[PDB]
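Sequence order for the protein chains is B, D, A and C.
Those letters in the first sequence? Residues 25 to 503, per the deposited numbering, in order.
Those letters in the second sequence? Residues 24 to 502, per the deposited numbering, in order.
Those letters in the third sequence? Residues 24 to 502, per the deposited numbering, in order.
Those letters in the fourth sequence? Residues 24 to 504, per the deposited numbering, in order.
Built from N, CA and C at the ideal position, the CB exists for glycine as well.
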Amino acid sequence: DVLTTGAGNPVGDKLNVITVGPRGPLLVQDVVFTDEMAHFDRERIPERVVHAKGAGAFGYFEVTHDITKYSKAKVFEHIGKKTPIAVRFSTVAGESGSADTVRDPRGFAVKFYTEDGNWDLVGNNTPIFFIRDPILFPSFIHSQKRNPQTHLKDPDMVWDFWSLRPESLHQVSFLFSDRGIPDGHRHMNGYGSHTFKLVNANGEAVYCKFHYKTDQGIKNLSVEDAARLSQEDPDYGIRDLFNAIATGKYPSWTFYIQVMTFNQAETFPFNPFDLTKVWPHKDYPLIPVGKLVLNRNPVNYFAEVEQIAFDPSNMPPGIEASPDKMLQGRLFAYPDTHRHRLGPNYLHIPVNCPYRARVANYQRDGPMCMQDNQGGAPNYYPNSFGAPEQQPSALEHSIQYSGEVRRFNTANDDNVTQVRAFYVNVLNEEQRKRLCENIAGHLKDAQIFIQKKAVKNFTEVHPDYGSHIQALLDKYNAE
Amino acid sequence: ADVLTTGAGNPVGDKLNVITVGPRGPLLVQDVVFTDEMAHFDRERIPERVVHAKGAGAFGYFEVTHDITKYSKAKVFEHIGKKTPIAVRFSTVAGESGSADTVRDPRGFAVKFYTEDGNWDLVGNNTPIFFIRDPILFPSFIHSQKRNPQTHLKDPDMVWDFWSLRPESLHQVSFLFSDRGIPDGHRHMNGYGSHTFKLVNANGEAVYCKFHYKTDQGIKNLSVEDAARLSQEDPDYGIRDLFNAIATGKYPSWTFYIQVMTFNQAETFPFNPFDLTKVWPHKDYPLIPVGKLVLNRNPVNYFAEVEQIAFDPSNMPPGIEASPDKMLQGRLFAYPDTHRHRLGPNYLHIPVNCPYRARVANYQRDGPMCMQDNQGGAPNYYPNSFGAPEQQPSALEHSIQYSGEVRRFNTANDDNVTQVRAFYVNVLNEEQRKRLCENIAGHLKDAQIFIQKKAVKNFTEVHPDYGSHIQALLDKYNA
Amino acid sequence: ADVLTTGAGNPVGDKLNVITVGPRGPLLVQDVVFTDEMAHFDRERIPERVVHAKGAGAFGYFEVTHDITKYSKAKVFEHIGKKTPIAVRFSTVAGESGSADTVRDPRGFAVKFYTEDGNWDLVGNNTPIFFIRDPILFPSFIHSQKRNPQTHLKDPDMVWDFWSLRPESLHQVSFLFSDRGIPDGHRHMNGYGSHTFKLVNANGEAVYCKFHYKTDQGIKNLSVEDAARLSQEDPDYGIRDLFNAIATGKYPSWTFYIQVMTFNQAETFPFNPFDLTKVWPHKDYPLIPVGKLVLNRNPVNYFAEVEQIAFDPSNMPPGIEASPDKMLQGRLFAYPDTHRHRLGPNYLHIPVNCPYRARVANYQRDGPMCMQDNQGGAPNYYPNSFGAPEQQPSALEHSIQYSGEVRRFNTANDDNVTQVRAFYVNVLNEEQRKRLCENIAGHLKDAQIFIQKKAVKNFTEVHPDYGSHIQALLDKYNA
Amino acid sequence: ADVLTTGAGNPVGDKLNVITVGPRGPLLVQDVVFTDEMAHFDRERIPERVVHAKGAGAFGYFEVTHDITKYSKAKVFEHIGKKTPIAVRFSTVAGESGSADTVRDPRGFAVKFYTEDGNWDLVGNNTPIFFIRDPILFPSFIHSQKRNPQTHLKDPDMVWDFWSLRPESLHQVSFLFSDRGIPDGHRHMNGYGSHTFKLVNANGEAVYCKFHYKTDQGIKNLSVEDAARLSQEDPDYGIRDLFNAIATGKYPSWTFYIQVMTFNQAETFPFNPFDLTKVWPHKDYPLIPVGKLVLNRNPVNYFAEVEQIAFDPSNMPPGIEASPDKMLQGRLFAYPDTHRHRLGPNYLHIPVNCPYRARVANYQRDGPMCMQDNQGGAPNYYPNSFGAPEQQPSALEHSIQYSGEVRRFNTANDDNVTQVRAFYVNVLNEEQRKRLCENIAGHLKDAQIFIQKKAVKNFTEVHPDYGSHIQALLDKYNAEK
Ligand code: HEM
Ligand code: HEM
Ligand code: HEM
């Protein structure tokens, strides 16, 4: 193989630079050096604003059951249908150099390359989240990140925000339970979290929840181990995933959904669209749909993992968004941030390209335009020259909403009920004790006035929750 | 007719109406179709070329007709009858993207050769010489030619102040204001590499050279009157003329020659052989026919194949190297540098720029908008024991020893008039000399009178009649 | 004089000769002075605006002359005699950065009011109406107005195939091809907010409005002949005229008025009061005097104060809000979006864009080129228990409840002729009608006949004489 | 409490709830308060430095304590007692933005002196030498120190394949694996310009030199164990230490020296004086005291003052110039180039990069995010008959003449063991050598065996004991598995 410059010019020697004499200065004509150096100098792009640390693999999605009565989406079109998928696992707060085995939620994004375009299901390992209004997401994330002056993690920031926004109770509980630190990516479940809308061939709609359970089973790391691992192998999650697939132990998840008719959405105790709530299985049981199988490792991490981009707004006919405020905000945020992190034409990047689909429209140009830019095809719509036409079949399902167009406060929607049921029913005493210790061990670094409001909140879920945490805190502050 | 889609390939039910709440209500964020299309339109523009922004493009090939292997081992020259695909871009200089084509200004005539040894870019224009002989005055030169930093208007004071303060411009200024100043479209003008380059053959022997490609359609210019009229009637006269031609099968071509000056002759040349304000008289350095340039294919999409194309003088395949000309030396850096800005870090992946006849292989990786496999998992460090791309000793550059110390050498002492008088008195006949003086006076008349004097003194240093006739004309205007 | 430095503040000894190895040797990399200046010159360009690229800017102030506090609580109108600094930019539409000013096209008349309640951006133009009334058609309309994607030439088929398939364009097209189509410079044209907006008073009561700013210098237009001559003679006519006036003290001004329409009146309105293709008859909704716009200072550096300026329709202070106009609605997103692309994430830090008479404070941080103290160490999350900025309830937005389903509502078939027939028959006299048909036909004749047919079909719909006369003229052209 | 606003300064009524059509309806585009804040959130990340990504910043001053004017006319040295404000950024090399501070790896030690003659950046590390001596191998070396291009995991075969095929590295490698590989915080390590620079006096006379700033807080390193326990307990240890130190009055300081080698001495140095893998023995070239560096102020906002800070070795004011050191010659280009990418064309306008103690005037204009007045209406072309800024001849660079032709001269074979043997036997005590061999074996034992052979091969060239002690260890390891 002949070593070349970016323009393909053979290189004579790329181990020594051109100089005027053996001990003289460097010359501009040594374009070989500059060409390489200039590229080295531009190797980095900005990391994801959140979920920066990640692992990636590829595979397919396979339909196992008929749910066409609910969704007309081609990805579900017929039993046994296989569609290629791209998956990206990740943590949340930490940046590119951080450890994988730390307490944090886990991203679990799945990209389906369907013939009706790509369908990005950007979920995580928890069915719920910390807040229910997108406008608090930047603040939340800031509080989870580094102090603006010291650039250090700040318990005060974390808990002042959480104590002031108690709706964070439900997810804060899930996050500090054993599931706060899964043993790798293959031993956790995935959830779309938000409520989405399914539409069938008949134009009738229903609301759903997406779920994909680990076929390898749930397995978590104790805090002792997680800590040891955060230092022995910060990239433990990446290694584990890549070695499994590499050795043929292809991990898979069983994909189900929960269905809620519009009526049920009403009789539902709470706001069905509040991200801090779940749909109790007992009441809305899981419906089998298919499998997700990861059977291929990336070849080039930067090209296939760092540059991949998932947009919740990527939804094909049969799948639509619900009124969930959080999701509504995510419809804008992802493409927006992608045009920034990656570039105006990031969808032309191989992994983000909707290759099983025929992309035709009236969009043109932009930096780094790679394709033919759709040749000389007429660029305005409508036109009398046979350019791409719109197709009615893919029209969105319309609903009539009532009320004024204003800001409705949801800070006071139920913040503790489901949290109680999870604390006293779902968990057992061990889990319950640990839950308290993990919270206590982290909250203890916060200022006391913050510690106090935090505990009041936990007390509202259950006096035992708060009081036991308060006990450990006392122990901690005793020192 | 194709099915209309979003960038992610999702079918669009209706792209003529936006989603609102009620027929006369606000716009919805979930109308992802609108945002997708709008966010792209919003990013359709990249920055124009800092200079030579207005252009035209066409494609074809270069075919070798004569054997010059004795001078250069470049593959593009390898054997007679050999065709090498080429991309060309014609352009003006000062004007920006919407300026008129038929105006006095030099003309860019850039040629890209997709050779097996990588791309070879010959970035030249319709003149053998330039206005200055040191790269460091180029930005100031261009500034003086563009708009006033405040009024944002053309400034004759900036134009002639700089020229009169830099008398080395006499030669090019004289060519610029001659009939050749406004070629009748790109098909009727010549092309030159202007700079002296270095050719190396298979024995390691080298000579200096000049590249010329004479228009096989013949020299044909526009009267200033016509030029003015077309600038109003058809600002893109050049683009249209080039395009109709090729589209109607009247493929324009140029005969490619080279002038050779041995290293010994380089010493005995009257002037500095590397001074860009000088030419190599044919009378002493005959044109040697080499091949032909033929443009037979119009671009399919202008943005993709013309606006985005990038030519780098540093792109020279084994056999062709740079000379110590200061100007060329400076351009060795400017182009890829500005290209990494205008197009992006990975601009060489954009199709028209990709060296597709070559086999690129190196240790460069990542960068924004990485398009290929990013060289997969191949070892990314050199040297290495895992058999990656090797450097080949054949392509090693020509070696030479130089006299003197490393520091800035004043070149304002170089002749500024000798060849100019030659051009004024011999090369041009009465008619022309007159239109020449008239063309200059019509532009210099607008400059402050003290500048007019500094300039006349220069035209006088060439020939007394040259300066005085201009002053005669100026006196009229100044009244 | 001042010592010449590199950008880093290092003194330059000689910036007229580059460092080379000997008088006739190659260029050195340690000539950082050269690289530094060249690297910057290489990045002077940024993308020009996607539309309204060719512009002229100035500065001045707004002064309240009358009292409208009963309609709006906005501080800028707070009390008679109150003055607010303004920034303004006039412009054409389709032409790119180097096009001619004196050509047929609408004219942007953007006004930035630097108020204590933050910047208020009134982005309007010389017409009260527009060609389309749904933002999703904009990119196509603009495309059809610019160059052919392949030949890169102005294309009459694209212009008329679009306008003929979308007759809602009739009104603004009749206005554009009338005398008002080519105002004699920026100072002799009116300014309009075009869109219907909403005003809110201190009591929470709201009304709809139209913004108007009539030229005190009187309406003056250029004949097509003059326009042509000038596009040739002086492509930057509009720039020079504005600049010279202010330079000599002939400060241009505009009387600012508003038309008011109560919500009751909004219901009874014959058309859709938020339809961008329609006006509110002065007879039924008279102009109410408000203040004065005065431009008394030219820019000192064009690139910094004009090219880099950015107006966002979504920049509206309390007392001023958006109406449901689909067009306005989309613009709320498009500008800050395109601005983050053309200028960058922190384009609001650029001096001309900074709301300097306001006290910006929030939880936003970082981003490319953060130019301030980035709000120091203040709490970067909301809410917080550390006295960081708090939302003030009085700035809440006005609440309305709309009726109907959330879906795309076709408006292509709204009224496209009535108000046009009024303008053609009532407003214009015969000299004007003649000239209008001549101007239209003169451009419509370059279009293919089927395109011509459909066009004349719509004009005939407005009035049999309008359509028939054009046809007549066309017949001569096709002959 | 100030009023909360959008980026355009418009007051925000409610920034805790978004606008929807009804309490259970979709989100509206007209809620621009939301979009304005969300849009910015979506952009707060810029590219991290390609190397030395993880860092810590602080500010203070440089004070002249001795007179070295006979060597340099640089104003920063102008006279005894003269103080010049400075900015410093410490860092590691390989790890990216979230990596741990306490890990074996060199440490960046950048100093920006805002002088009257412009800024002077002395971008050095905590070592006098480096792994390679030709800039064309730097990208390769860096790639080998980072993640596998496919697995994205650290890769020992990559690390050692490079170091074994490029033995010139032996010197700095022997240092990187010594106790000084993991300093205890940034306050207990030395600072070196490393490269050989050139000093010029008011007479035009020039000399070559080495800059050194010794830690007044004294040398101090972390044991491998603490370094690891720490990489887990506090991955930001270095930042916290430096910050608290300064916040509690423990302002850290360094003493600034220089070594001078005349041109005559230079032609007789047993090695290439401009070889980044060599040092000038203090015995033959005594350290000359010059001044002092003091860090007494912490940043107010890290992003603005630290992540956005940019140092360019090419930023040198009159009196200070570069030497023909191949490595340094390369960096003269890399930094401004990379900065244009990382920060932006006008990255010099960012406050901490601005040469605020100097008076910037030239013919450069425009570019994205032009923050200043863009030098108003001043004439933008040079020369001009309108007064605009002028070159001052006194600032002209020092000129030398070199012998030889213009080409690539291999240096892969210059001395690779001599100076290293000195360090191994003379400099280090028995204790140290053992720890050295151990820290090497512990990391190299993961590399393939053929890579191991070649690596040991070279260590042997430095000293039979060196190589055998490592091999001895490699065997036990390779056996254990
Ligand atoms: C030292 C002097 C010069 C410098 C620093 C220089 C710099 C530049 C730069 C930065 C560009 C922008 C390229 C792009 O953005 O694509 C440009 C374009 C161009 N220059 Fe030069 N130039 C110099 C002299 C000349 C001369 C001597 C000629 C003709 C032989 C010339 C012909 C062109 C042409 C044809 C283009 C169009 C390139 C393209 O389409 O990519 N320039 N020049
Ligand atoms: C729904 C249709 C419209 C959309 C989406 C839209 C979009 C745009 C965009 C993206 C720009 C670029 C601004 C920049 O780069 O700084 C722009 C500029 C401009 N537009 Fe619009 N526009 C629309 C309708 C109109 C209308 C109806 C008016 C006024 C009545 C208008 C007046 C202008 C002006 C004056 C500029 C120059 C702005 C500046 O100098 O910053 N546009 N428009
Ligand atoms: C030929 C070898 C070298 C090249 C081409 C090179 C290249 C680079 C580049 C591109 C950066 C990124 C700067 C930024 O993004 O702001 C960097 C950072 C850095 N380098 Fe080097 N480097 C080289 C050798 C070294 C050496 C031996 C030292 C010290 C003497 C060193 C110390 C640093 C430090 C401390 C930083 C931090 C700079 C900052 O904070 O702006 N590098 N280097």
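Against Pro-158 (chain B), what residues of chain A qualify as contacts under a CB-to-CB distance less than 7 Å, listed in chain order?
In chain order: nothing, as chain A lies at least about 14 Å away.
Below-8 Å beta-carbon distance, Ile-423 (chain A) vs any chain B residue
yes
Near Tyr-405 (chain B), what residues of its chain come up, given a Cβ to Cβ distance below 6 Å and the 5 sequence neighbours on each side ignored?
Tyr-386
Quick one: what does DSSP say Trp-277 (chain D) is sitting in, helix, strand or coil?
strand
Taking C-alpha atoms, which residue in D:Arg-365, D:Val-302 and D:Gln-475 lies nearest to residue 503 (chain D)?
Residue 503 (chain D) lies beyond the range of chain D shown here (24 to 502); nothing can be said about it.
So what does DSSP say about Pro-172 (chain C), is it helix, strand or coil?
coil
I want to see whether chain C comes within less than 8 Å of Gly-83 (chain B), judged by CB atoms only; does it?
no
Going by beta-carbon coordinates alone, are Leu-265 (chain A) and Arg-210 (chain A) separated by less than 8 Å?
yes
Separation of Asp-59 (chain A) from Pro-378 (chain D), as counted between CA atoms
Cα to Cα, the separation comes out at about 30 Å.
Taking 7 Å as the cut-off, is the beta-carbon of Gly-353 (chain A) closer than that to any non-hydrogen atom of ligand 2?
Between ligand 2 and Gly-353 (chain A), a heavy atom-to-CB distance of less than 7 Å is present.
Assigned exposure category for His-63 (chain D) - 16 Cβ within 10 Å defines buried
buried
For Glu-428 (chain D), go through chain C and note every residue whose CB falls closer than 7 Å to its CB, in chain order.
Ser-422, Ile-423 and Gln-424
In whole angstroms, what is the alpha-carbon distance linking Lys-480 (chain D) and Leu-50 (chain A)?
33 Å
Any heavy atom of ligand 2 closer than 7 Å to the beta-carbon of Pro-322 (chain A)?
no
Report the residue from D:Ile-423, D:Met-212, D:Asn-439 and D:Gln-288 whose alpha carbon sits nearest the alpha carbon of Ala-345 (chain D).
D:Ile-423
Less than 7 Å between the CB of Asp-180 (chain D) and some heavy atom of ligand 3, yes or no?
When distances are taken from the beta-carbon of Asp-180 (chain D) to the heavy atoms of ligand 3, even the shortest one reaches 7 Å or more.
With DSSP as the reference, label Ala-401 (chain D) as helix, strand or coil.
coil
Under 7 Å Cβ-Cβ, which residues of chain D neighbour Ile-42 (chain A)?
Under a criterion of Cβ atoms nearer than 7 Å, the residues of chain D adjacent to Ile-42 (chain A) are, in order, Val-429, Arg-430 and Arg-431.
Decide if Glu-503 (chain C) is buried, meaning its Cβ has at least 16 other Cβ atoms within 10 Å, or exposed.
By the C-beta density criterion, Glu-503 (chain C) is exposed, having fewer than 16 other C-beta atoms within 10 angstroms.
Flag this pair as yes or no: are the beta carbons of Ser-163 (chain B) and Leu-459 (chain B) separated by less than 8 Å?
Contact: no.
Going by alpha carbons, who is nearest to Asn-439 (chain C) out of C:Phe-82, C:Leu-193 and C:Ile-269?
Ranking C:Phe-82, C:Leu-193 and C:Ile-269 by Cα distance to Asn-439 (chain C) puts C:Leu-193 first.
Under 8 Å between C-beta atoms of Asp-124 (chain D) and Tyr-260 (chain D)
yes
Where the region 27 to 40 of chain A meets chain C: residues whose CB sits under 9 Å from a CB there
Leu-27, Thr-28, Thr-29, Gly-30, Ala-31, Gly-32, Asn-33, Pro-34, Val-35, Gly-36, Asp-37, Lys-38 and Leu-39
Under the rule that 16 or more other beta-carbon atoms within 10 Å means buried, what is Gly-410 (chain C), buried or exposed?
exposed
Comparing the CB of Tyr-325 (chain C) with every heavy atom of ligand 3, is any distance shorter than 7 Å?
no
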